[PDB]
4 protein chains.
Amino acid sequence: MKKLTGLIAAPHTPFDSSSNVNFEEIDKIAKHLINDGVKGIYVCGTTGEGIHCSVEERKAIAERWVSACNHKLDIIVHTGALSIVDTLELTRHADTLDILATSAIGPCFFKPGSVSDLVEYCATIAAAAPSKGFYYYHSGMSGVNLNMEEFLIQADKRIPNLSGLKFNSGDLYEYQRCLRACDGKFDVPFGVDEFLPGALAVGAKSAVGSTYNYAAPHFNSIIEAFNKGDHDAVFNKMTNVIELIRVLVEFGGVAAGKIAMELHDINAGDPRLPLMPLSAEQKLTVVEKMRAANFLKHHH
Amino acid sequence: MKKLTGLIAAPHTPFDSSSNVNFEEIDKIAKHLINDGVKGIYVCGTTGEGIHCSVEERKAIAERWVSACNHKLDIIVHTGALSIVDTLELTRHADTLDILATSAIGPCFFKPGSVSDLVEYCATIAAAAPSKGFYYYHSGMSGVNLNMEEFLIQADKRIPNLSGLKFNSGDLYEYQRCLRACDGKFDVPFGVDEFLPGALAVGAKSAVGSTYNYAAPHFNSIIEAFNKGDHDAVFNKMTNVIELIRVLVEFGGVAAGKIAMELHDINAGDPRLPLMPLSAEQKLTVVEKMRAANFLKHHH
Amino acid sequence: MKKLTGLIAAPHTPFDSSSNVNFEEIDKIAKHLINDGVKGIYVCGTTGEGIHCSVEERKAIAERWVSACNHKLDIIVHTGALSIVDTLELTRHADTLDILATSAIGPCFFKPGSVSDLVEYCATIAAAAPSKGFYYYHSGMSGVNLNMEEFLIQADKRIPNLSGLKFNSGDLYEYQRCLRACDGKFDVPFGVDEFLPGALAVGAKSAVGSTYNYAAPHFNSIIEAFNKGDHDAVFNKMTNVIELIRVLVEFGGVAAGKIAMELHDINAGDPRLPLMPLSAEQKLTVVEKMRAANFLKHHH
Amino acid sequence: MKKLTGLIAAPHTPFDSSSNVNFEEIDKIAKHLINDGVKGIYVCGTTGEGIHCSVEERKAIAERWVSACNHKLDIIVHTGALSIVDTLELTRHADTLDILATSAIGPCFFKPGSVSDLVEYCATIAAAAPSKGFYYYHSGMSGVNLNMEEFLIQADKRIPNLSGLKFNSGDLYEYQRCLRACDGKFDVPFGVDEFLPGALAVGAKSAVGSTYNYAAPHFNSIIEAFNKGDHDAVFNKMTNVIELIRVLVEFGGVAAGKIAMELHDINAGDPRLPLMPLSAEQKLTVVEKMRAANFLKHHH
């Protein structure tokens, strides 16, 4: 298996003014991602509001990404839902698409209470797309707080198509144990963009995140600086990352990140309820503060 | 408006050995509930595993309850889902049925961050079933930890069909503030069965819960004792309730509660993933310990 | 053993304008408590800011209460501190006083990680005052979240002078299991004043709390109403309790409760850092809102 | 001001078999720390069990470190206690010693509820040792979860001897905002040893921690490798760090870390209650697993 490298964007699902999926904007985001140096996409995940879409919408969205990317990006589709019936309907559909892997986030209502229980849930899902890899997505936001090192070690026995897990957590001690589980066999992309050089320094080889939708060249420059050992340059580039994150924290991560796509000529619309929309004034503020953060390049 | 009185069961969704909905067992549970002195049902809620079912299954389940109850019970249908599209499809369907009210539990992934935001989400839902009442279901398990007194006061302005909220929380200080919000206008059924006499004592008039599926006569006897001021009798009856709850805590609330339906000749099957099934040995243990708890009556 | 009955106040430690202990005001509070129908006191606890005082101050405070009460109240002294050396110095001193029992709250920094560990810590403390009873104080605020039923069952074996535990938690399911542990052997006073009728209804015989410092006659009237089965009267009296609690939540429980002592001609001063003082305007507001809550009696 | 550099050990307080302070072992630890390449010490902190010692013991301990270090290490004394009276008695004593700075951890029982409140508490403490620097110690274990960037910005106005804060938290996004607060003015040593290269990569210049008591040469080699950009070497050295941490998690951080001092001929004894002692078998296991982790050097 080849572990992912570089930046994996978790794209938005653009909604038009009637809160319907805007498929033409999905086409424009894919071209943008390819031009800005992203290597893969994780679709219908948290940033993608996949759980805000119906099964029918999710199936059309995953097909739209596969057509829009024209084989130039690795594609991972998140198929998780609270109902195993919906999840299995999405996962079976995903096994028919030209994609790299499926994935499921920890269920957030009845939360798996042990590693063994979580392994059984993931094994049922991964078996419905046995031709594709399978990533567990460890979320924090899910409330599923189980030992991920043990998850990889136990799931290795039970899930034949296991790829590894996406680590959306700041716990670098657990992350480094995951990197080493089963002699380093599994692929463990890191998922906290504002911690990126910290994860690089302890062994991350790829990162999945939402800011890569609009700041990928800037983060690729952090990766290159870190690699060259230019730690001064990593530091000054993270100053612009911290100003970006501040906009997300003030205005909402999905909402502000959607508006930030205007910096690349993309109209991603508002989020869906229960996420709230920004006002017309707030949208102008988001774009002005993202410009002031100074991470944009006038090129690809 | 007439506030609910007495016990409102949150019924299970029985699954057969292929994990499909068992509609004939729904018929048998409804007859049982009516015979055991339940006054209403809250369907497709947490105990009902509504979020484990697809939209199509949920619509068939709600119709099956309305046919099976033959107008003898008040029916509240929980229509909440993580996708507002699914929620609105269920809520519109529910507005066509002969039921009392719809309801939605706090979304557990992106959690409403203020009372105002939660009021906007509930107002969008309640407007899709404007002919029926609407209860918010306050869950704890949802992770949506906002001031429910303020929710009622703010939602009163914004939701014309607001009935009140179901209070699945042990916070009796917040519960009593809810009972009094807007001069006592709203209906606030209590939702923690093992605290029942405590909520009675501070003003509860009805309770919604899962143990009422199989212990309703016993809890109706607590209500009658409390009413008569026989606090000794309340105490000795709660000793049997505590032995019941211990079985739920040891073996899982949905799983053990489903097996307990065998005490009334009902085969409710296993839960769905991510909830795990009990072994054949554990199912025999659940039934023996529920018998030993001594809350069953050999009559209706 | 005779279980405590009625209201046990947790008195404040009055501080003068130099933040020194005001011993003469302790005398005035004791006379007040006896006149207002309190039956016991729990001194140097949370409301008492015992952990804000030095070992030397704490020893003088406990002696001042014993002199001021003139044998008319049962006295429990909280001797807990983060240092076992301080705790044991206080506990040994307390064994020499004419008091009913000592007590310790769960340590809040390194928190006992199992019931067994907590039993060993309490056994070491209770052995330093072997002539007096010993109550564990279960606090929530402590962060020590262990099964208190199991604590009583395990400590029964290990602590010869064990009296029971004071239950400052809203978990009525755990509270009722404590009431029944070892065939109902232990004394378990309830500790959430705004839940009082709820705990009465499930078996509480006494309650320890801070509002009893200034609202004892009103809560004694709730106890009498509940006993007579006058649930309407319990309800209308709890309306005044909820208006009292609102003042505590808005202005701080220790700070506002200290100012409320002005309603009984007592100058309890400000709290100590890290608790902040109220402004002169806020102190006038606290007293006006406590008057408006309408729980005061113009008599004893 | 010169920011700290390199490793700052948080030493243990050795206890003999009567649970008294072993002052002669303090002498031996200081010589060891100086020989193993530590640059400073943070005494009477969490690893030091300072809160388990009385005020009188704490004063003798701080004096013993100052005599034992013979001016070869920078010394920071943690003076925090739950009672401001104890804290101020310790802080005034510390102002008389030849040390670099005092420090206080967030109080864990009544927790400061705003940045402003925490600034007022720290300002009162730092003013009692106005000749020494002052570090706030941000702990997580304290439960004091306030914005530390805002703490530095607000405290800059109010505390004339403010040095900065010790950051015992894995939140690298907050840590990098602290590094930059007030144009990078404050000294912010990092406090999570198992995350060290991650904090290096985002700008840490020093680290305070307990593993530096017995693994300082190994972590100094990580610092040197990271500096040279040898990320392969950082990775393989962190494999030995993860095996060390596993021993702490299995057997208790203070208890196992005390036993690990046997690897340097130091008898640090057991912790004090409420921390539990290891059995004779467990102590042999701790030393065997710390040897197997392979981070020890047969030299200084």
# chains A, B, ... in the order shown; residues from 1 in each chain; ligands from 1
$ residues_around --residues "residue A:213" --least-positions-apart "3" --cutoff "10 Å" --atoms "only C-alpha atoms" --output "list in words"
residues 7, 8, 9, 10, 11, 12, 29, 30, 32, 33, 36, 38, 41, 47, 209, 210, 216, 217, 257, 258, 260, 261 and 264 of chain A
$ write_last_selection --atoms "N, CA, C and O atoms" --output "mmCIF file, in the first residue's frame"
data_model
loop_
_atom_site.group_PDB
_atom_site.id
_atom_site.type_symbol
_atom_site.label_atom_id
_atom_site.label_comp_id
_atom_site.auth_asym_id
_atom_site.auth_seq_id
_atom_site.Cartn_x
_atom_site.Cartn_y
_atom_site.Cartn_z
ATOM 1 N N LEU A 7 -1.466 17.092 0.943
ATOM 2 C CA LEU A 7 -2.720 17.675 1.471
ATOM 3 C C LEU A 7 -3.930 17.050 0.837
ATOM 4 O O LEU A 7 -4.026 16.901 -0.382
ATOM 5 N N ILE A 8 -4.828 16.629 1.693
ATOM 6 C CA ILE A 8 -6.061 16.061 1.290
ATOM 7 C C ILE A 8 -7.134 17.050 1.720
ATOM 8 O O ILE A 8 -7.376 17.169 2.909
ATOM 9 N N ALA A 9 -7.785 17.718 0.797
ATOM 10 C CA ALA A 9 -8.849 18.634 1.145
ATOM 11 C C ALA A 9 -10.103 17.884 1.488
ATOM 12 O O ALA A 9 -10.454 16.941 0.783
ATOM 13 N N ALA A 10 -10.855 18.417 2.449
ATOM 14 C CA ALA A 10 -12.232 17.899 2.776
ATOM 15 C C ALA A 10 -13.149 18.943 2.182
ATOM 16 O O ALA A 10 -13.454 19.979 2.748
ATOM 17 N N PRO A 11 -13.651 18.716 0.953
ATOM 18 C CA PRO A 11 -14.364 19.842 0.330
ATOM 19 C C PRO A 11 -15.749 20.109 0.889
ATOM 20 O O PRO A 11 -16.425 19.193 1.471
ATOM 21 N N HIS A 12 -16.203 21.330 0.669
ATOM 22 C CA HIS A 12 -17.580 21.697 1.022
ATOM 23 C C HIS A 12 -18.599 21.086 0.084
ATOM 24 O O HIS A 12 -18.203 20.626 -0.974
ATOM 25 N N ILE A 29 -14.965 23.696 -7.894
ATOM 26 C CA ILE A 29 -14.034 23.394 -6.769
ATOM 27 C C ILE A 29 -13.004 22.361 -7.194
ATOM 28 O O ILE A 29 -11.830 22.485 -6.870
ATOM 29 N N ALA A 30 -13.402 21.260 -7.855
ATOM 30 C CA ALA A 30 -12.428 20.207 -8.224
ATOM 31 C C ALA A 30 -11.299 20.792 -9.065
ATOM 32 O O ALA A 30 -10.116 20.546 -8.779
ATOM 33 N N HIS A 32 -10.229 23.879 -9.192
ATOM 34 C CA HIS A 32 -9.443 24.642 -8.262
ATOM 35 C C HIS A 32 -8.515 23.811 -7.381
ATOM 36 O O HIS A 32 -7.362 24.140 -7.231
ATOM 37 N N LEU A 33 -9.019 22.699 -6.840
ATOM 38 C CA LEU A 33 -8.183 21.909 -5.968
ATOM 39 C C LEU A 33 -6.998 21.314 -6.689
ATOM 40 O O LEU A 33 -5.869 21.287 -6.215
ATOM 41 N N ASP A 36 -4.414 24.064 -7.262
ATOM 42 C CA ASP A 36 -3.752 24.584 -6.064
ATOM 43 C C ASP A 36 -2.917 23.538 -5.364
ATOM 44 O O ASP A 36 -2.384 23.846 -4.268
ATOM 45 N N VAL A 38 -3.537 20.377 -4.261
ATOM 46 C CA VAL A 38 -4.083 19.326 -3.401
ATOM 47 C C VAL A 38 -3.883 17.928 -4.054
ATOM 48 O O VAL A 38 -3.966 17.816 -5.313
ATOM 49 N N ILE A 41 -8.974 14.172 -1.942
ATOM 50 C CA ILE A 41 -10.194 14.773 -1.335
ATOM 51 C C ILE A 41 -10.923 13.747 -0.531
ATOM 52 O O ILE A 41 -10.984 12.530 -0.874
ATOM 53 N N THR A 47 -16.628 18.770 6.866
ATOM 54 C CA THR A 47 -16.577 20.063 6.138
ATOM 55 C C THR A 47 -17.559 20.079 4.964
ATOM 56 O O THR A 47 -18.085 21.090 4.601
ATOM 57 N N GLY A 209 -7.882 18.110 5.773
ATOM 58 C CA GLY A 209 -8.402 19.268 6.488
ATOM 59 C C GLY A 209 -9.234 20.169 5.634
ATOM 60 O O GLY A 209 -9.280 20.037 4.406
ATOM 61 N N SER A 210 -9.926 21.092 6.297
ATOM 62 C CA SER A 210 -10.788 22.009 5.526
ATOM 63 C C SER A 210 -10.029 23.235 5.006
ATOM 64 O O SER A 210 -10.484 23.838 4.024
ATOM 65 N N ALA A 216 -4.208 25.832 0.270
ATOM 66 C CA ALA A 216 -3.282 24.669 0.007
ATOM 67 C C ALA A 216 -1.839 25.100 -0.363
ATOM 68 O O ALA A 216 -0.853 24.641 0.259
ATOM 69 N N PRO A 217 -1.656 26.096 -1.263
ATOM 70 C CA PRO A 217 -0.270 26.499 -1.604
ATOM 71 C C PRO A 217 0.492 26.969 -0.384
ATOM 72 O O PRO A 217 1.679 26.587 -0.238
ATOM 73 N N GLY A 257 -15.518 29.080 6.103
ATOM 74 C CA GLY A 257 -14.698 28.353 5.113
ATOM 75 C C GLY A 257 -15.434 28.368 3.768
ATOM 76 O O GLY A 257 -14.813 28.603 2.697
ATOM 77 N N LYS A 258 -16.753 28.238 3.818
ATOM 78 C CA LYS A 258 -17.566 28.336 2.538
ATOM 79 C C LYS A 258 -17.380 29.713 1.915
ATOM 80 O O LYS A 258 -17.132 29.786 0.688
ATOM 81 N N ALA A 260 -14.922 31.811 2.369
ATOM 82 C CA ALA A 260 -13.546 31.916 1.862
ATOM 83 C C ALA A 260 -13.338 31.365 0.441
ATOM 84 O O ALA A 260 -12.357 31.767 -0.243
ATOM 85 N N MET A 261 -14.208 30.450 0.014
ATOM 86 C CA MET A 261 -14.090 29.980 -1.366
ATOM 87 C C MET A 261 -14.330 31.117 -2.395
ATOM 88 O O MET A 261 -13.880 30.947 -3.575
ATOM 89 N N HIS A 264 -11.492 32.293 -4.472
ATOM 90 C CA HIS A 264 -11.081 31.501 -5.628
ATOM 91 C C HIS A 264 -12.229 31.456 -6.645
ATOM 92 O O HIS A 264 -12.383 30.474 -7.394
#
$ closest_atom_pairs --of "chain A" --to "chain D" --cutoff "7 Å" --atoms "only C-alpha atoms" --output "tab-separated table"
residue	atom	partner	partner_atom	distance
A:170	CA	D:170	CA	6.7
A:171	CA	D:170	CA	6.8
A:172	CA	D:195	CA	6.0
A:173	CA	D:194	CA	6.0
A:194	CA	D:173	CA	6.0
A:195	CA	D:172	CA	6.0
A:197	CA	D:201	CA	5.7
A:198	CA	D:198	CA	3.5
A:199	CA	D:198	CA	6.1
A:201	CA	D:198	CA	5.5
A:202	CA	D:235	CA	6.1
A:203	CA	D:235	CA	6.6
A:229	CA	D:229	CA	4.7
A:231	CA	D:201	CA	6.8
A:235	CA	D:202	CA	6.1
$ write_last_selection --atoms "C-alpha atoms" --output "PDB file, in the first residue's frame"
ATOM      1  CA  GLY A 170      -4.684  17.164  18.858  1.00  0.00           C
ATOM      2  CA  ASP A 171      -3.499  14.168  20.986  1.00  0.00           C
ATOM      3  CA  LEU A 172      -0.004  13.716  19.484  1.00  0.00           C
ATOM      4  CA  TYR A 173       0.917  11.064  21.998  1.00  0.00           C
ATOM      5  CA  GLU A 194      -3.383  24.574  12.781  1.00  0.00           C
ATOM      6  CA  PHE A 195      -1.106  21.922  14.391  1.00  0.00           C
ATOM      7  CA  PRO A 197       4.170  21.409  11.696  1.00  0.00           C
ATOM      8  CA  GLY A 198       3.776  19.706  15.109  1.00  0.00           C
ATOM      9  CA  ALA A 199       2.408  16.569  13.435  1.00  0.00           C
ATOM     10  CA  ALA A 201       7.723  16.789  13.409  1.00  0.00           C
ATOM     11  CA  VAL A 202       6.444  13.531  14.968  1.00  0.00           C
ATOM     12  CA  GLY A 203       6.030  11.738  11.642  1.00  0.00           C
ATOM     13  CA  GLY A 229      14.643  22.337   8.254  1.00  0.00           C
ATOM     14  CA  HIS A 231      12.062  26.433  11.181  1.00  0.00           C
ATOM     15  CA  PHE A 235       7.119  29.961  12.193  1.00  0.00           C
TER      16      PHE A 235
END
$ select_by_dssp --residues "stretch 15-197 of chain D" --states "alpha helix (DSSP H)" --output "VMD selection string"
chain D and resid 23 to 35 55 to 69 84 to 94 115 to 126 148 to 158 172 to 184 196 to 197
$ residues_around --residues "residue C:61" --least-positions-apart "3" --cutoff "8 Å" --atoms "only C-alpha atoms" --output "number ranges by chain"
C: 13, 23, 44, 57-58, 64-65
$ write_last_selection --atoms "C-alpha atoms" --output "PDB file, in the first residue's frame"
ATOM      1  CA  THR C  13     -16.690  32.032  57.451  1.00  0.00           C
ATOM      2  CA  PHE C  23     -14.940  35.593  65.228  1.00  0.00           C
ATOM      3  CA  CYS C  44     -15.263  24.734  57.096  1.00  0.00           C
ATOM      4  CA  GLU C  57      -7.421  29.694  61.174  1.00  0.00           C
ATOM      5  CA  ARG C  58      -9.429  26.482  60.663  1.00  0.00           C
ATOM      6  CA  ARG C  64     -15.411  29.258  67.862  1.00  0.00           C
ATOM      7  CA  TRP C  65     -18.373  27.305  66.489  1.00  0.00           C
TER       8      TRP C  65
END
$ residues_around --residues "stretch 148-159 of chain C" --least-positions-apart "6" --cutoff "12 Å" --atoms "only C-alpha atoms" --output "ChimeraX atom specification"
/C:106,112,114-130,132-140,165-169,171-188
$ residues_around --residues "residue B:98" --least-positions-apart "2" --cutoff "10 Å" --atoms "only C-alpha atoms" --output "PyMOL selection string"
chain B and resi 63+66-67+71+74-75+94-96+100-101+132
$ write_last_selection --atoms "N, CA, C and O atoms" --output "CSV table (one decimal), in the first residue's frame"
chain,number,residue,atom,x,y,z
B,63,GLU,N,-46.7,5.0,10.5
B,63,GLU,CA,-48.1,4.6,10.1
B,63,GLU,C,-48.6,3.3,10.8
B,63,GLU,O,-49.8,3.2,11.1
B,66,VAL,N,-49.9,4.2,14.2
B,66,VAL,CA,-51.2,4.8,14.1
B,66,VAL,C,-52.3,3.7,13.9
B,66,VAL,O,-53.4,3.7,14.6
B,67,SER,N,-52.1,2.8,12.9
B,67,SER,CA,-53.1,1.7,12.7
B,67,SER,C,-53.2,0.8,14.0
B,67,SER,O,-54.3,0.4,14.4
B,71,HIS,N,-56.7,4.7,17.7
B,71,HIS,CA,-57.1,5.9,18.5
B,71,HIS,C,-57.1,5.8,20.0
B,71,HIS,O,-57.8,6.6,20.6
B,74,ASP,N,-52.4,8.7,22.8
B,74,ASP,CA,-51.9,9.9,22.1
B,74,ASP,C,-50.6,9.5,21.5
B,74,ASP,O,-49.8,8.8,22.1
B,75,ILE,N,-50.3,10.0,20.3
B,75,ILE,CA,-49.1,9.6,19.5
B,75,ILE,C,-48.2,10.8,19.2
B,75,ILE,O,-48.7,11.8,18.7
B,94,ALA,N,-45.5,13.2,8.7
B,94,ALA,CA,-46.2,13.1,10.0
B,94,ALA,C,-47.4,14.0,10.1
B,94,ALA,O,-48.4,13.7,10.7
B,95,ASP,N,-47.3,15.2,9.4
B,95,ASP,CA,-48.5,16.2,9.4
B,95,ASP,C,-49.7,15.5,8.7
B,95,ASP,O,-50.8,16.0,9.0
B,96,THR,N,-49.5,14.4,8.0
B,96,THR,CA,-50.7,13.8,7.2
B,96,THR,C,-51.3,12.7,8.1
B,96,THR,O,-52.3,12.1,7.7
B,100,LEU,N,-50.8,13.3,17.6
B,100,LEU,CA,-50.9,14.5,18.4
B,100,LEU,C,-49.9,15.6,18.0
B,100,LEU,O,-50.2,16.8,18.0
B,101,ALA,N,-48.6,15.2,17.8
B,101,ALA,CA,-47.5,16.2,17.8
B,101,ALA,C,-46.3,15.5,17.1
B,101,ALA,O,-46.2,14.2,17.0
B,132,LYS,N,-50.0,20.0,13.7
B,132,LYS,CA,-49.8,19.1,14.9
B,132,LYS,C,-49.0,20.0,15.9
B,132,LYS,O,-48.4,21.0,15.6
$ select_by_dssp --residues "stretch 63-113 of chain A" --states "strand (DSSP E)" --output "list in words"
residues 74, 75, 76, 77, 78, 101, 102, 103, 104 and 105 of chain A
$ write_last_selection --atoms "C-alpha atoms" --output "PDB file, in the first residue's frame"
ATOM      1  CA  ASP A  74      -7.319  10.338  -4.850  1.00  0.00           C
ATOM      2  CA  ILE A  75     -10.939  10.223  -3.627  1.00  0.00           C
ATOM      3  CA  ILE A  76     -12.119   8.982  -0.244  1.00  0.00           C
ATOM      4  CA  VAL A  77     -15.818   8.938   0.385  1.00  0.00           C
ATOM      5  CA  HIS A  78     -17.266   9.257   3.858  1.00  0.00           C
ATOM      6  CA  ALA A 101     -11.470   4.178  -0.137  1.00  0.00           C
ATOM      7  CA  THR A 102     -14.638   4.626   1.951  1.00  0.00           C
ATOM      8  CA  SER A 103     -14.699   5.930   5.527  1.00  0.00           C
ATOM      9  CA  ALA A 104     -16.971   6.328   8.489  1.00  0.00           C
ATOM     10  CA  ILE A 105     -16.902   8.823  11.407  1.00  0.00           C
TER      11      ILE A 105
END
$ atom_distance --atom1 "atom CA of residue D:277" --atom2 "atom CA of residue D:19"
11.1 Å
$ atom_distance --atom1 "atom CA of residue D:189" --atom2 "atom CA of residue D:222"
16.4 Å
$ residues_around --residues "residue A:16" --least-positions-apart "2" --cutoff "10 Å" --atoms "only C-alpha atoms" --output "ChimeraX atom specification"
/A:13-14,18-23,25,267-271
$ residues_around --residues "residue D:287" --least-positions-apart "3" --cutoff "12 Å" --atoms "only C-alpha atoms" --output "list in words"
residues 214, 244, 247, 248, 251, 255, 256, 257, 258, 259, 260, 261, 262, 263, 264, 265, 278, 280, 281, 282, 283, 284, 290, 291, 292, 293, 294 and 296 of chain D
$ atom_distance --atom1 "atom CA of residue B:88" --atom2 "atom CA of residue B:55"
10.3 Å
